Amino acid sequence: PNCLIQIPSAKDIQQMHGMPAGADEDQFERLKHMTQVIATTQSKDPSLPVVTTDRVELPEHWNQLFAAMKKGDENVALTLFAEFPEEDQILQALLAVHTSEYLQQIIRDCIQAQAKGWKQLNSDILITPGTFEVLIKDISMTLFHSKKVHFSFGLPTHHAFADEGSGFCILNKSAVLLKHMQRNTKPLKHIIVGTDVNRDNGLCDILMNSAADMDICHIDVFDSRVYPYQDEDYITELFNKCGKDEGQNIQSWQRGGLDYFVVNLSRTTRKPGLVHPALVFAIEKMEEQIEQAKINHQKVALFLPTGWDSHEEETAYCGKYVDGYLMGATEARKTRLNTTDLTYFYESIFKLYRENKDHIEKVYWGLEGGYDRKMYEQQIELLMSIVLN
């Protein structure tokens, strides 16, 4: 076939010691164990096309910068970085989303972290000397070494803002990509399905204040009683506009070309034996938004900043710590997603592909949350039984 499973390389993961994740693992131990499970279903089936971030090949000024960062001087790295050519593709696609000054701060931060080997800035972000480089490799590897349909395991993105990171997210790779795709191609129909139990609030901010010119449909499934603890009255406040009831306690907002759908896991609950209506929506909306793109002779681009911390078998506080308790068995059914939902979700999407493979530009699946080792080492295989076929 034609997919690609990007993973961070071993030298890369070895710079993520100490970076916060949602449980007892740090992002090192997490991504170590996940690439292990992919090394499992890759010796089960050497067709699973896994590539590390090391087959990425960067321009000499970038590698020069990383090398200069190691020599410990902030001023030389910055003047060096400042002297990058403004038409370098990487730089061009970063500045489409982030500020230069945030970038420089990540460079200052990486060098300052050289003192004790890490820099804790806010209890949700930890920076290491390697951290800038490993993210550049992660993003570049996806931007140019992409190819249609692409699974990237790597740091989280959706809580990262234009001039700052939060909730484990340093850089918003999902937005850098999307901006990059509309860069010089005919106007696309951008469709986003962010299944992380937490809210795609950084992404949405970035999309809302810079991409109000493109056709985006951001379907955001999240539980408002967990981080970032923002509800429909909040989102009514951002968009300066009351939400439009799309049925089933689901509300859409519009900021120009952006149309943001809050499928609230707590307002929108599973009817008894059924599949969770959240995914059910995503598939219906999607299928609709594709036909709309065929009608307007326009192409589509799909993005899945998905986390598994919305699976019913997560244990992490950002998934199960709601309203003062941990969700019991029963409540886990009606508000969290199960393997049958996911096997329905992904099986659906992949099925939609071959009916409109022409009318696709590229699809991208980006790991976000997911923290219980048992739960993710299994959903990973579930994805790999499905990416296989």
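Residues carry their position along the shown sequence, with the first being 1.
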property	result
112-120 set against 289-297, stretch whose average Cα temperature factor tops the other in the entry	289-297
Of the residues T157, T185, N201, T131, the one carrying the largest Cα B-factor as recorded	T185
Candidate set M214, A175, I136, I170 [ranked by C-alpha B-factor, highest]	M214
Chain third (lowest, middle, highest) by recorded CA B-factor, residue given as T99	lowest
Cα B factor band for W62 (lowest, middle or highest third within the chain)	lowest
Where the record places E347 (Cα B-factor, split into thirds across the chain)	highest
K44 by Cα B-factor - lowest, middle or highest third of the modelled chain	highest
Third assignment of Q248 from its chain's C-alpha B-factors	highest
